[PDB]
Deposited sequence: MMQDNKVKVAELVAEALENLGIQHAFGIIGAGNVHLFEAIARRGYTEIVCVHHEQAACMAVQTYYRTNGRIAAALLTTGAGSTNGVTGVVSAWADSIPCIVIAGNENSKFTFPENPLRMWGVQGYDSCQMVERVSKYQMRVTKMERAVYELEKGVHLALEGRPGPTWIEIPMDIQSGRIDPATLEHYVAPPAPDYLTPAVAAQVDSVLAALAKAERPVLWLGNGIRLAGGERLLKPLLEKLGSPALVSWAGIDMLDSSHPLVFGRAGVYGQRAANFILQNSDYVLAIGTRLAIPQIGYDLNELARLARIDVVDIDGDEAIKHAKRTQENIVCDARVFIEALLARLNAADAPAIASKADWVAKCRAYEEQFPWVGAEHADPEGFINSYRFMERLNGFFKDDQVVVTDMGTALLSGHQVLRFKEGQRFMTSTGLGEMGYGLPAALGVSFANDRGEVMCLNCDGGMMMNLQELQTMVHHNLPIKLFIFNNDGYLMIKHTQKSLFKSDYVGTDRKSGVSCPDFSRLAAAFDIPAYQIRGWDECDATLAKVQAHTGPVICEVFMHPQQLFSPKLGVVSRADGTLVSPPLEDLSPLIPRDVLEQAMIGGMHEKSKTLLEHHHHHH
């Protein structure tokens, strides 16, 4: 009897694929995979308390060190509970594979006329058909490992994303001669640097040499391409200021002489002025999503030509009405091809950008990230000022993950990072409850490493159960919670629209949150409280000095503003609270926009 259990071959395959961590919850649909993976001992199974957390953890697990993780779900609700995490990785272009069990293969076919498959199953491939790069149900034992190798390769190729491999129970418990195991041969990797693309790189180098006010917009597509180490020599060789997207903040030192912050609808005042006054914009690995460019392409950088570099052809041309060179290429290959042509024999002379770099620094001197608009409201701690203070307590290898709301906004608008530090969050989908599962992924990726989690009273509730997972494994997760009496982000939304009482956003309107210090005690978690500047520095030093999990509530004003912000619809440079008109006129090269004259 020379036959091996299919589940055992899958566990072996996972080792050969380098997958060292798997997140999920056990069930009858994958009890054979849990057994086989455990008995092999190579892949550690982290058991979560909601399958949604397993499909979110695998994301930041990969973003940490570049090793893919698997989510191990079971039949029925085990799979539907993970859909949210799949959609976030789909939207942030993060690779990861889901291995979901199901009923016996005799029930798993779409032609089934019944509402449900077997006892409690369903077509888990059809549900994520439009939010994952690949989905396959294994109906032959001999192709179980095949689809896992294929699922992993497709998750990592091109624009990364999640893949969904469903294996019915009976396929897991089956036995076959290991010799009959099929294996997936990945096709040859594409050569993006075609003669056409190579000519676009030439056109970009001619504009950079000629541009007097260039601005490079760098995005996480660079880090995903493994070319973040090429940014420091590129900017210094070009002498061109650079902006970073919220997702690619940690690719460069925020204090680098040519890095001038983040622009967008929630961008920094000096960053938006730099972007809107440029004469040439070169986006590399950034999606130029709506929160980055506003709501009107004709109002974006009204003095500049805009070139876009993106490995997704659909993303690269979505702004074609406004952009010129739409370069469909890998970010690393493009940067290397641009750095080569800078040393070519016929490399053009790069015109000086000194006057532009000086005007960029003037903008930052005129509009600091934490300005007067961020004054302590009625004595409360101002989140933006708290982020500036917390910044000084970052360790040399600090990893910061955030949820939505105050943590997201205040974090990405103030916090600075240097090489060795990382900043992560889910911005594509922007789902609440991503902070905690994000910290689990980073922690296990660094062998139970330290992680700082900036969270909110509202977002803490979506995956509140993962505190138990944090305690069970003694993860050194420093969890900051911003208390503001509910959904502060939505308070401003409905107050701008209706100018009436709050609805479903605070305790009076039907949304309340528990005392997280008292929950921390229940979970055996040390907890601190920062209500004012008096105990601020002494507390932050203790939180960073802890070796195990710790919670720290930060109390802010329940109606503190989020600023700077583009709000009601002026141009992108005219952020609220509006600056006096005579000052905006002087800050804009060709004068202010006609919309801003009567505001």
Stretches with no C-alpha atoms in the model, relative to the deposited sequence starting at 1
1 to 3, 572 to 580, 612 to 619
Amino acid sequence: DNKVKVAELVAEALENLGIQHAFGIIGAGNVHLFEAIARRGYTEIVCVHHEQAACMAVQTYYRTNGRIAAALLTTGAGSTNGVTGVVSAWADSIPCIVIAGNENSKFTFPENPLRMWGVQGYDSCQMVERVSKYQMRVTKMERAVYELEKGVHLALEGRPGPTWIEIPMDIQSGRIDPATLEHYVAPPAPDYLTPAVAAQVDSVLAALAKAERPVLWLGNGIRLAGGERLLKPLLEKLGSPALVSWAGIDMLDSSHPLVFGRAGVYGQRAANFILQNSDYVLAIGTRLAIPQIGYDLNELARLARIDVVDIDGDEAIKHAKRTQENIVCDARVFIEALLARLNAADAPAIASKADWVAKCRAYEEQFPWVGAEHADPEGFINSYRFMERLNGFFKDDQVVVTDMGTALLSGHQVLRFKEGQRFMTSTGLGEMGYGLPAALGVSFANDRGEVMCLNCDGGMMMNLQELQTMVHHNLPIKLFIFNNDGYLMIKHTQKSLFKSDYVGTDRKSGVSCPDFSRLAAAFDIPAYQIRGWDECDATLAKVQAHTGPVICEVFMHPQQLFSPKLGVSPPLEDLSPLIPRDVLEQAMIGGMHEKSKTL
From here on, numbers count along this sequence of modelled residues.
Using the B-factors recorded in the PDB entry, average over the C-alpha atoms of 530 to 538 and of 23 to 31, then report which stretch comes out higher.
530 to 538
With reference to the PDB entry, specify whether the mean Cα temperature factor is higher for 376 to 384 or for 297 to 305.
376 to 384
Which one of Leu252, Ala100, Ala289, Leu154 shows the biggest C-alpha B-factor in the PDB entry?
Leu252
Selection from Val83, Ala71, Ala349, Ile317 [criterion: highest C-alpha temperature factor in the record]:
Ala349
Lowest, middle or highest third: where is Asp396 by C-alpha B factor in its chain?
highest
Pull the Cα B-factor of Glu182 out of the PDB entry and bin it into the chain's lowest, middle or highest third.
middle
Would you check the entry's CA temperature factor for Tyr363 and let me know if it's in the chain's lowest, middle or highest third?
highest
Ordered by C-alpha B-factor within the chain, which third holds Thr43? Give me lowest, middle or highest, please.
lowest
Chain third (lowest, middle, highest) by recorded CA B-factor, residue given as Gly66
lowest
